[PDB]
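For the record, the sequence lines run as chains AO, AH and AL. Counting in the deposited numbering, the first sequence tops out at residue 153, every number present. Counting in the deposited numbering, the second sequence tops out at residue 130, every number present. Counting in the deposited numbering, the third sequence tops out at residue 141, every number present. Using N, Cα and C, we set each Cβ at its ideal position, and we do this for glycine too. The next block holds one structure in the form of structure tokens; read it before the comments.
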Amino acid sequence: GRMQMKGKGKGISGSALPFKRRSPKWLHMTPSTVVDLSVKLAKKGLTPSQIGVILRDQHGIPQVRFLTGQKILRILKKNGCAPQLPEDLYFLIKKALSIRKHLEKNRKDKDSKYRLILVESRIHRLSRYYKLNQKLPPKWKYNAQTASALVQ
Amino acid sequence: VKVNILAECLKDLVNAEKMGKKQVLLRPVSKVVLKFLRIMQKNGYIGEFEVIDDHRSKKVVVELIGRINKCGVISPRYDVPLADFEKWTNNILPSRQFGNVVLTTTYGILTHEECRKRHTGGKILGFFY
Amino acid sequence: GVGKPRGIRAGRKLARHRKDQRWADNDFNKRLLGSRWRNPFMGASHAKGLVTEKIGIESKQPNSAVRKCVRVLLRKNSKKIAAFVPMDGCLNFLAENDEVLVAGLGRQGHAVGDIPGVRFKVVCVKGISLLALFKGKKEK
RNA sequence: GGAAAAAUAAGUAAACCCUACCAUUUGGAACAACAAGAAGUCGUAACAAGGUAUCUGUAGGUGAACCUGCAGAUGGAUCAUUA
RNA sequence: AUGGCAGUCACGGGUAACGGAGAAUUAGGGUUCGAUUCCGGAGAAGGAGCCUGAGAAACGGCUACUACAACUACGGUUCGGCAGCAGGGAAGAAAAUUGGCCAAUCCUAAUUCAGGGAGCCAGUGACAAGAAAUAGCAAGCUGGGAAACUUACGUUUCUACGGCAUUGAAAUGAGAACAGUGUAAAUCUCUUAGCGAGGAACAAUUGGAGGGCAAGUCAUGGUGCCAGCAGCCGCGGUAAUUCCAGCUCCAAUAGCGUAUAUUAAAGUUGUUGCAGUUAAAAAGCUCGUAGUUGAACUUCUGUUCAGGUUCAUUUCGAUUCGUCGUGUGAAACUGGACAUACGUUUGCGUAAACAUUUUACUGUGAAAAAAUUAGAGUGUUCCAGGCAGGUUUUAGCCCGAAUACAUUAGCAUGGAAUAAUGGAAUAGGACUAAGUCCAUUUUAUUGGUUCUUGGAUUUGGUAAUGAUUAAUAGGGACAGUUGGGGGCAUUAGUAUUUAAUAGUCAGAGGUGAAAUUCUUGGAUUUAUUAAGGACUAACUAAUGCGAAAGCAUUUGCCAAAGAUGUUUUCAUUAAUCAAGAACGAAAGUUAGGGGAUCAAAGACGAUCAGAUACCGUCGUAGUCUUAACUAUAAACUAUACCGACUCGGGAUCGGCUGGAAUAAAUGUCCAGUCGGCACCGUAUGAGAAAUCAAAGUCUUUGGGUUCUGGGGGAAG
Ligand SMILES: [Mg+2]
Ligand SMILES: [Mg+2]
Ligand SMILES: [Mg+2]
Ligand SMILES: [Mg+2]
Ligand SMILES: [Mg+2]
Ligand SMILES: [Mg+2]
Ligand SMILES: [Mg+2]
Ligand SMILES: [Mg+2]
Ligand SMILES: [Mg+2]
Ligand SMILES: [Mg+2]
Ligand SMILES: [Mg+2]
Ligand SMILES: [Mg+2]
Ligand SMILES: [Mg+2]
Ligand SMILES: [Mg+2]
Ligand SMILES: [Mg+2]
Ligand SMILES: [Mg+2]
Ligand SMILES: [Mg+2]
Ligand SMILES: [Mg+2]
Ligand SMILES: [Mg+2]
Ligand SMILES: [Mg+2]
Ligand SMILES: [Mg+2]
Ligand SMILES: [Mg+2]
Ligand SMILES: [Mg+2]
Ligand SMILES: [Mg+2]
Ligand SMILES: [Mg+2]
Ligand SMILES: [Mg+2]
Ligand SMILES: [Mg+2]
Ligand SMILES: [Mg+2]
Ligand SMILES: [Mg+2]
Ligand SMILES: [Mg+2]
Ligand SMILES: [Mg+2]
Ligand SMILES: [Mg+2]
Ligand SMILES: [Mg+2]
Ligand SMILES: [Mg+2]
Ligand SMILES: [Mg+2]
Numbered sequence: 002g003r004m005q006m007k008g009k010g011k012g013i014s015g016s017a018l019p020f021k022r023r024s025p026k027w028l029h030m031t032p033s034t035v036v037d038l039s040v041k042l043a044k045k046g047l048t049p050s051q052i053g054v055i056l057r058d059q060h061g062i063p064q065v066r067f068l069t070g071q072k073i074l075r076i077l078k079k080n081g082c083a084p085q086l087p088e089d090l091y092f093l094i095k096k097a098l099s100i101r102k103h104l105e106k107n108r109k110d111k112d113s114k115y116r117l118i119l120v121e122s123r124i125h126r127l128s129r130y131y132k133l134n135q136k137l138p139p140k141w142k143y144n145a146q147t148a149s150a151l152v153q
Numbered sequence: 002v003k004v005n006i007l008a009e010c011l012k013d014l015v016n017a018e019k020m021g022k023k024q025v026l027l028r029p030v031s032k033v034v035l036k037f038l039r040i041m042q043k044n045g046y047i048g049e050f051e052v053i054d055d056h057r058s059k060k061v062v063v064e065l066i067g068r069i070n071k072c073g074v075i076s077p078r079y080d081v082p083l084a085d086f087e088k089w090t091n092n093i094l095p096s097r098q099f100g101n102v103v104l105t106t107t108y109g110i111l112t113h114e115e116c117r118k119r120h121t122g123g124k125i126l127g128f129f130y
Numbered sequence: 002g003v004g005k006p007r008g009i010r011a012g013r014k015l016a017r018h019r020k021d022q023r024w025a026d027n028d029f030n031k032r033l034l035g036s037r038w039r040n041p042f043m044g045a046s047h048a049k050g051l052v053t054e055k056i057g058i059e060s061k062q063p064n065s066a067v068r069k070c071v072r073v074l075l076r077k078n079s080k081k082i083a084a085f086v087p088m089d090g091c092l093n094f095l096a097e098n099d100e101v102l103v104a105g106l107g108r109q110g111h112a113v114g115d116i117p118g119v120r121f122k123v124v125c126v127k128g129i130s131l132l133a134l135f136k137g138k139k140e141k
């Protein structure tokens, strides 16, 4: 299952959403207060996902959308703090670059060359998606040098 | 990679009938799978069945007795004009005397027989006998 | 699985795949490239020729005899051909340099029985049949 | 005024040469196989632990099979011994 | 100006290729042919060019050339062009008469009456098709059956049927003819006088008797592996079921052998429908574009009415050789109707306009070439077949020349499923009101105002304002781990080899024995150091990691990874994959290094008949390393990848979750569970088996996708 690992890649990491869609009974935070916290965290430069984690561990908010009705990114969009490049792609490029970095120096490292090939492969593969779905500028390309200056 | 939910559910079904099992949990499920079951039940093969709402796709428990000799899907879902019916009933079914080839039509999902009585045809789904 | 596409847009790949694999079938291959036309008969059913040699041919194991034969120069081809002469003392009905009518042995390009490698038989001598001559209906 | 011959300019362009190719056949110096068979010659590589276990890749040697180097496979002659 | 076409195969080859209508086979799906009656197209020996016409690049017209045909008094000439008919030559395995007519069918023309090698008629004609003789009935003698009787054999009958180198006359065509039919005439047929049947004639063959394959259980003759048979297996070498013959018998039968292409046989081309662990077959391994393939959710549903269409029958009936009527309920419809519910608005159940995103798909319909094919009607004496026929109501009558099929693409129209695609996420999106522009048909005409209308735009108001889940799909985040995954640095450890410094001495080596070697210049041997290249023992396993190749000393650094844990985030982002790319043992190659061990080549010893081998002593390239190439292995589970589902049991490696003991922890044990590597039982699952928990869920044959195989060699 796990993408681009043929043969044995296949296993199940967890998350399982409970049945109750209604937010929990012990929870006393107004959806507005939540949107406030999430936006504060956001302006502090966090990720929609990282925000999710923070709200869940510290703040007793299990699922933000079942509280608000808006998923975390949509909230970020309306309220204007927006993560210009999708967190998703962002990390993939950060990675491909860390591999670039390490690889320019150790030029005899073959595994990392192959790993790079894989990661860049995924990057393009995500680009197509975010492009056809209008989440990325249409002429936007990942190159070594272009993407290195691209906010990553 | 899941293609054709009808195929999953149908094969798992036949397997459990073949193993002499008394019931089947079936997942995940579609309209088509439920209409296909409503069809086999209406036609006498399976018994009562229950649908389970997990918030996502769904699960379905099927009481079977044992009747089904085989119940298959045909993929791809070919095009079956009224002219071609003869072919498919001779090729797929055990005998003229029984068994059905189910089809999607613009008039809905039908026993091939229901199709002669409705005078239509064209998309083959599966069969059971 | 099955290693073969099933899908309704899969049509050309299917048909092309066959248009390829079909080549492994021998009769198809031999048919499709001219093979017939290049053979000593030039695709034909029989042929006329001249007799170069009367030749004995020792039979394949485990048989011993002397198969009576002839080497013929086909008049259409000018190719040289090794042909068998059937039944008994029919090699006598043949003179060197006659007109002779020659056909396949029934394996379509291959030799039969104990005669090794010889793919053809004699049918007519001058104008007449070997059968006609054998049974002594006519005379040469 | 009409108008035949004859001439004129440009075009259509057959045919014949020269250059360079493609197709279908074909002549040919010089090379030159393969499959089948068995009462020729030298030896015995392989089938049994074929008498050095075979076999694959590669490389070198060499009347002939073949031999030797390195890495590999049991289709092995081992499904197996911490005390 | 720089376009146009191309992996959805351009461009270019090949065709013993003119395209169709169609033909042969056909369970279905297919396969294979169509030079040839009809329709297109092309050409008239090869090219080109023209005249004239309404039409021509004509070719039974002309001009030229190339290549040819006919006359010539040599100078000239041809109404010289068989892929028209007939006929020659040639090629070939292969294909008819130098005939008669316009009577029919039609065509042409100044035209009823003329012409026509179109066409028809005859000849040749085992291309091919249809029907069909080569003998029938009895007698007498019989075989036999059967009864009965007779207790054992005799008799009487012959729904059995047979058999006769015997008797009997009848029957009739092949043949042949007067006549009559038919024809343009001639022939043939058809109708018919006078004729025309008892046996080697009025006589059937062609292939076969071992199996496949119907037919010899010949004490048959010849031949003796010869001659020959035999599609294949095989028969023949002195007793041939297989050759040569005789007898007999079999199979097709006016036909029957043989050769070759093609069809079924063939599930041995596979869509239906095949195979790929070992029979031929999964690509060494990953990434990936074209291509193919894609999770679930939306007017579910209920109630009432009617129309049929089916069903059942303890409802009945009527008649009859089975339909009809009727029940009553029961169905799937079809269509009304109300339910937040397949639409407005207008004119007489049907049109339009408006609105409904497009299509694939499916149901109808139009448009549709005859002959074919399927098929109705019809006794061409049957039949092939033809399109005719049937009737004394006769200066007539009755009836036919159907219908289906007519695939693809266009066209019209009905459609709800399924599949794709759409729509309001920077929204003036939608409805509505009020403004502003740009156009604007009509008001017989131009001008201003307007009106309408139809586009754009600004702003208020109305509405529930508009974002389906969240796949035991996938990407991402994060947290504690885990690993002999990778790259750099570091670092150890004995070991081999060598050297140094000490010792001691005569032998070390090596072998089946030995000999080459080394040795007093002191080897082997002993102790301590040092140099130099490799290599990571033991722990080390049915254990781990890596895409595969492959990866095992310490520590540090660098980037990377799975699994698990998540009430984190994204929201179909995925599967497989021609192109195109990254790797890829060993050996090998190029340019430098390095060189301890082994060690191809080589040098030697031995062994041996010979050893250019196995054994021994040496030894170069190599082995190691930088940069580069190379791309291959039994690169092996000889087993493609993603996804389901089908048995049981312990154990193992990595996470996690509880629980228990202790000496209280990076350790034990117990119970869960997720993911790995496997194993052991077992299958009423699979397979030719060996075997396989997949190699299972396959004639009860279809989850998605690449690849590969089609007897053996030739030959990688
Ligand atoms: Mg999974
Ligand atoms: Mg074949
Ligand atoms: Mg034959
Ligand atoms: Mg043989
Ligand atoms: Mg004879
Ligand atoms: Mg040339
Ligand atoms: Mg040989
Ligand atoms: Mg020999
Ligand atoms: Mg060599
Ligand atoms: Mg053709
Ligand atoms: Mg024509
Ligand atoms: Mg036309
Ligand atoms: Mg002619
Ligand atoms: Mg006339
Ligand atoms: Mg004729
Ligand atoms: Mg005939
Ligand atoms: Mg007469
Ligand atoms: Mg007679
Ligand atoms: Mg014979
Ligand atoms: Mg004899
Ligand atoms: Mg005989
Ligand atoms: Mg083998
Ligand atoms: Mg779907
Ligand atoms: Mg309504
Ligand atoms: Mg040292
Ligand atoms: Mg060292
Ligand atoms: Mg370990
Ligand atoms: Mg070197
Ligand atoms: Mg000796
Ligand atoms: Mg040595
Ligand atoms: Mg614990
Ligand atoms: Mg099989
Ligand atoms: Mg079995
Ligand atoms: Mg087992
Ligand atoms: Mg199959």
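query: Straight-line Cα distance separating AO/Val-65 from AO/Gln-71; result: 8 angstroms
query: Buried or exposed by the 16-neighbour rule on C-beta atoms within 10 Å, applied to AH/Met-20; result: exposed
query: Close Cβ partners of AL/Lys-77 (< 7 angstroms) along its chain, the five nearest in sequence each way excluded; result: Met-43, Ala-48
query: Alpha-carbon to alpha-carbon, AO/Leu-56 and AO/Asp-37; result: 12 angstroms
query: Spatially closest choice to AO/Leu-18 from AO/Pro-63, AO/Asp-110, AO/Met-30, by CA coordinates; result: AO/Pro-63
query: Coil, strand or helix - AH/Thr-90 by DSSP; result: helix
query: Counted within 10 angstroms of its Cβ, other Cβ atoms place AO/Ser-50 as buried (16 or more) or exposed; result: exposed
query: Those residues which DSSP pairs with AH/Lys-60 across a bridge; result: AH/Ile-53
query: Residues near AL/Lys-141 by beta carbon distance below 7 angstroms, same chain, minus five either side; result: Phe-94, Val-126, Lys-127, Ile-129, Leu-134
query: Neighbour flag for AL/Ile-9 against chain AH, beta carbons, 8 angstroms; result: yes
query: Status (buried if at least 16 other CB within 10 Å, exposed otherwise) for AO/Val-54; result: exposed
query: Simplified DSSP assignment, three categories, for AO/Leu-104; result: helix
query: Given AO/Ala-145 as reference, the closest of AO/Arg-123, AO/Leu-42, AO/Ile-94 once Cα atoms are compared; result: AO/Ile-94
query: Within chain AH, partners of residue 159 of chain AO - CB distance below 7 angstroms; result: Residue 159 of chain AO lies beyond the range of chain AO shown here (2 to 153); nothing can be said about it.
query: Length of the line joining the Cα atoms of AL/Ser-46 and AL/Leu-102; result: 11 angstroms
query: Inter-residue spacing [alpha-carbon to alpha-carbon] between AH/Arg-28 and AH/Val-61; result: 6 angstroms
query: For AH/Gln-24: DSSP bridge partner residues; result: AH/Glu-64
query: Partners in chain AL for AH/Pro-77, counting only beta-carbon separations shorter than 7 angstroms; result: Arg-7, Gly-8, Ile-9
query: Exposed unless 16 or more other CB atoms sit within 10 angstroms - verdict on AL/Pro-41; result: buried
query: AL/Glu-100 - DSSP class collapsed to helix/strand/coil; result: strand
query: AO/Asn-134 beta carbon near ligand 2 (any heavy atom closer than 7 angstroms); result: no
query: Residues sharing a beta bridge with AH/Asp-80, DSSP; result: AH/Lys-124
query: is_contact[AH/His-113, chain AO] using C-beta, thresh 8 angstroms; result: no
query: Cβ-Cβ distance between AL/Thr-53 and AL/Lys-80 below 8 angstroms; result: no
query: AH/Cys-72, DSSP secondary structure in three states; result: strand
query: Environment of AH/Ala-84 [buried if 16+ CB atoms lie within 10 Å]; result: exposed
query: Beta-carbon spacing of AH/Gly-100, AH/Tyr-130 below 8 angstroms; result: yes
query: Cutoff 7 angstroms; reference AH/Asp-80; Cβ partners in own chain excluding five residues on either side; result: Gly-123, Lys-124
query: Where AO/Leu-68 meets chain AH, residues with beta-carbon distance less than 8 angstroms; result: Correct list: empty, because the minimum Cβ distance to chain AH is about 17 angstroms.
query: Span of the beta strand (DSSP E), counted from its first residue to its last, around AH/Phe-99; result: Premise fails: AH/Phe-99 is in no beta strand (DSSP E) and is neither H nor E.
query: Where AL/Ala-133 sits in the DSSP three-state scheme; result: helix
query: 8 angstroms contact criterion, which AL/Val-123 and AL/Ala-84 should meet: CB distance rounded; result: 6 angstroms
query: Under the three-state DSSP convention, the category AL/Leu-51 falls into; result: strand
query: Distance, AL/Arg-23 Cα to residue 1 of chain AL Cα; result: Because chain AL here runs from 2 to 141, residue 1 of chain AL falls outside it and cannot be looked at.
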